[PDB]
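Residue numbers (PDB author numbering), protein chains in the order written: chain D, 186 to 277; chain B, 186 to 276; chain G, 2 to 6; chain F, 2 to 6; chain C, 35 to 173; chain A, 34 to 173. From the three backbone atoms N, C-alpha and C, an ideal C-beta is built for every residue, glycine too.
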Amino acid sequence: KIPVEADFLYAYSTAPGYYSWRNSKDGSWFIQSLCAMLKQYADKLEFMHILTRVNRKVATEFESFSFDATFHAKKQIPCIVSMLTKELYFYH
Amino acid sequence: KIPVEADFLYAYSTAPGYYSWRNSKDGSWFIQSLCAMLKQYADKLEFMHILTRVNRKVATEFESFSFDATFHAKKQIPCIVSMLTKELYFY
Amino acid sequence: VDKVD
Amino acid sequence: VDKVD
Amino acid sequence: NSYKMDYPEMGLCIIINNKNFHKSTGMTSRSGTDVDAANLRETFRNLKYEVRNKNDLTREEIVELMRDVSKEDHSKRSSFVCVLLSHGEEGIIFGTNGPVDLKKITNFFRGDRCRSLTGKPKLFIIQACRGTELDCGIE
Amino acid sequence: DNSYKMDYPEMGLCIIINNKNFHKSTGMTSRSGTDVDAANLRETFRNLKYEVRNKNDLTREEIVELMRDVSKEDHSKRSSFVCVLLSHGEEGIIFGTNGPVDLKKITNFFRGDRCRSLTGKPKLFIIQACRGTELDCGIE
Numbered sequence: 186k187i188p189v190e191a192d193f194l195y196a197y198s199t200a201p202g203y204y205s206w207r208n209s210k211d212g213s214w215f216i217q218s219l220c221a222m223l224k225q226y227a228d229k230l231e232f233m234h235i236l237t238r239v240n241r242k243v244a245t246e247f248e249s250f251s252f253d254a255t256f257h258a259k260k261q262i263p264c265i266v267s268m269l270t271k272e273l274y275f276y277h
Numbered sequence: 186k187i188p189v190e191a192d193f194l195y196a197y198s199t200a201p202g203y204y205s206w207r208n209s210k211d212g213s214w215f216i217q218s219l220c221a222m223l224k225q226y227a228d229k230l231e232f233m234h235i236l237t238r239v240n241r242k243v244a245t246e247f248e249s250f251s252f253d254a255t256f257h258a259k260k261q262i263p264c265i266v267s268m269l270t271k272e273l274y275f276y
Numbered sequence: 002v003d004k005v006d
Numbered sequence: 002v003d004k005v006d
Numbered sequence: 035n036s037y038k039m040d041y042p043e044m045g046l047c048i049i050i051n052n053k054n055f056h057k058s059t060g061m062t063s064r065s066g067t068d069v070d071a072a073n074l075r076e077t078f079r080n081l082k083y084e085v086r087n088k089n090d091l092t093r094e095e096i097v098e099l100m101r102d103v104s105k106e107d108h109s110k111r112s113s114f115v116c117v118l119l120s121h122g123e124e125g126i127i128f129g130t131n132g133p134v135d136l137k138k139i140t141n142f143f144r145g146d147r148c149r150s151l152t153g154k155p156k157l158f159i160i161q162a163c164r165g166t167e168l169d170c171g172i173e
Numbered sequence: 034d035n036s037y038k039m040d041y042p043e044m045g046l047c048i049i050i051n052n053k054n055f056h057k058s059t060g061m062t063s064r065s066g067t068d069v070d071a072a073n074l075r076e077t078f079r080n081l082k083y084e085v086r087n088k089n090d091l092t093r094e095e096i097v098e099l100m101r102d103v104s105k106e107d108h109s110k111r112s113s114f115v116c117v118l119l120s121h122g123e124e125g126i127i128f129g130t131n132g133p134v135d136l137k138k139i140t141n142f143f144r145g146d147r148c149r150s151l152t153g154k155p156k157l158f159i160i161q162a163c164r165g166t167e168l169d170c171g172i173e
């Protein structure tokens, strides 16, 4: 037997409770970062280390720009929730 | 600037919504497993890979034994929640 | 511009 | 025996 | 160790891209989500996934799609990927006409309810709000 | 830059809150086995060079008070921070000996803007506690 909740991974764009951010032109910060880290490291790194790079890119390279001061200069951290039981590599 | 919620890791013993299991003699399945994997691997593996091995140990090596058939033969999966921005090596 | 989901 | 937390 | 990823197929990558919402929701259209859905299609194509883009699905269409996908034979597939691009709130993703529990979506793929994925990684990528807090940042 | 700096003079604190015996007025069972956990954790994190502090049978007030105090220490020379919570719980909730505490109230003390000497450093919370009442029947 294994648990019925095992081997799930939820890559959330943002932490529990928080807004998630999206740029009108370039797309959402999270998905932007995810595709770039996958492009750059899917042949190099285990998936959780790729998502960790995604966390740092969203955390460091993005900050909200809004004409509404309420929503301006805000930050975002994604949230990796792993019930996986093994390392996940997209290469051979 | 970095988010104020960045660089947190929450290693939950069980999935959201679920009971977590503890053996009256040996201690909780999760802490038993976490100490074994850190003992075995903290000198070699990045922390998320250690916690992934804790997941597999708890998922495969433990099953509940209870006199209450309602609570017998149950399983558990821990839940790694990472807002870390870098890899964590304990050496 | 940045918008919220 | 096993107990729940 | 590592998930076995050398099945004949890497697997499915389902992308649900909700841009336009019913007025009853009060939700604004999500400008830039098309760029997301195209970026993801290309990214997972290079990872040898069988990609399926779906656009503007109601909460009922999402549940039915997820049910149908979970009923397929994933026996020759290494993994399963689902990407949700939408408005949301904690534990909740929005169809074009209203909210859906994320747990209801993911329950279809539970190891006891989707036997041809038991033991295989099930990845849910979720771009959606989870509340209304803002992170002001530090330093 | 890809790895946390872990060569500060100290690895950091490791706070272990071990709640075994609960006020009967809460209705919660004694957590047999948890002393075995608390000791296993102390030895483990001792070998990792953490300054381990074990606290036993804390009320919700003592937990909040301890967490505020620790978060107001000077961690400038510490690489990281580890907190281990062993107790009953529900989703989002850890129990002191006399009632519930939101985990978020605890974690907020160490939040990047409220504990500056930990900004940029990994803050690890290890939680042995229930998160509701669902049972996982498994699959064979």
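- In this structure, D:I265 places its C-beta atom within 8 Å of the C-beta atom of D:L236.
- With at least 16 other beta carbons inside 10 angstroms of its own, A:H108 counts as buried.
- If you look at B:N240, you'll find it isn't in any beta strand (DSSP E); it sits in the alpha helix (DSSP H) that goes 232-246.
- Secondary structure note for D:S267: it is in no alpha helix (DSSP H), and the uninterrupted beta strand (DSSP E) holding it is 264-267.
- Annotation: Cβ neighbours of B:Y204 in chain F (cutoff 8 Å, chain order): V5, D6.
- The beta-carbon of C:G122 is placed less than 8 Å from the nearest beta-carbon of chain G.
- Proximity of chain B to A:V69 at the Cβ level (cut-off 7 Å) is accounted for by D211, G212, in chain order.
- At a cut-off of 8 Å, the C-beta of C:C170 has a neighbouring C-beta in chain B.
- With distances taken between CA atoms, A:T92 lies nearest to A:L119 out of A:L157, A:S113, A:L119.
- Contact annotation: B:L269 and A:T77 have beta-carbon atoms that are not nearer than 8 Å.
- Residue range 93-104 is occupied by the alpha helix (DSSP H) that includes A:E95.
- Just so you know, the alpha carbons of A:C148 and C:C163 end up roughly 26 Å apart.
- One Cα belongs to C:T130, the other to D:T199, and the distance between them is close to 21 Å.
- Among the residues of chain C, those whose CB is under 7 Å from the CB of D:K224 are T77, following chain order.
- Secondary structure note for D:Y226: its alpha helix (DSSP H) is the uninterrupted segment 214-226.
- What D:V239 touches in chain C, judged by beta-carbon distance under 7 Å, is nothing: the nearest beta carbon there is about 10 Å away.
- Taking C-beta atoms as the reference points, A:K82 and A:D68 fail to come closer than 8 Å.
- Using a CB distance below 9 Å, the part of the segment 247-270 of chain D facing chain G consists of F247, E248, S249, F250, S251, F252, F256, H257, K259, ordered along the chain.
- Sixteen is the threshold: when 16 or more other Cβ atoms of the shown chains lie within 10 Å of the Cβ of A:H121, as they do, the residue is buried.
- For B:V189, a Cβ of chain C is located within less than 8 Å of the residue's own Cβ.
- Setting aside the 5 residues that flank it on each side, C:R75 is surrounded in the same chain by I49, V85, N87, each with a C-beta closer than 7 Å to its C-beta; the list follows chain order.
- Less than 8 Å divides the Cβ of A:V115 from the Cβ of A:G45.
- For the pair B:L230 and A:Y37, the CB atoms are not nearer than the 8 Å cut-off.
- Around B:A244, the beta-carbon contacts reaching into chain D at under 7 Å are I187, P188, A191, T270.
- Contact of B:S218 with chain A by beta-carbon distance below 9 Å is absent, the smallest such distance being about 10 Å.
- Per the C-alpha coordinates, the member of A:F143, A:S63, A:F55, A:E43 positioned closest to A:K105 is A:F143.
- Straight-line spacing of the CA atoms in D:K210 and C:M100 works out to 29 Å.
- For C:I139, the uninterrupted alpha helix (DSSP H) segment begins and ends at 136-141.
- Beta-bridge annotation (DSSP): B:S209 is not paired with any residue.
- A:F128 and D:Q225 have their alpha carbons spaced roughly 44 Å apart.
- In the structure shown, A:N52 falls within a coil segment according to DSSP collapsed to helix, strand and coil.
- When the beta-carbon positions are compared, D:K242 and C:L168 stay at least 8 Å from each other.
- Under the Cβ criterion of 8 Å, C:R64 is counted among the residues facing chain G.
- Interface with chain B (8 Å Cβ-Cβ cutoff): D:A221 is excluded.
- Chain-order list of chain A residues neighbouring C:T152: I172, by C-beta distance under 7 Å.
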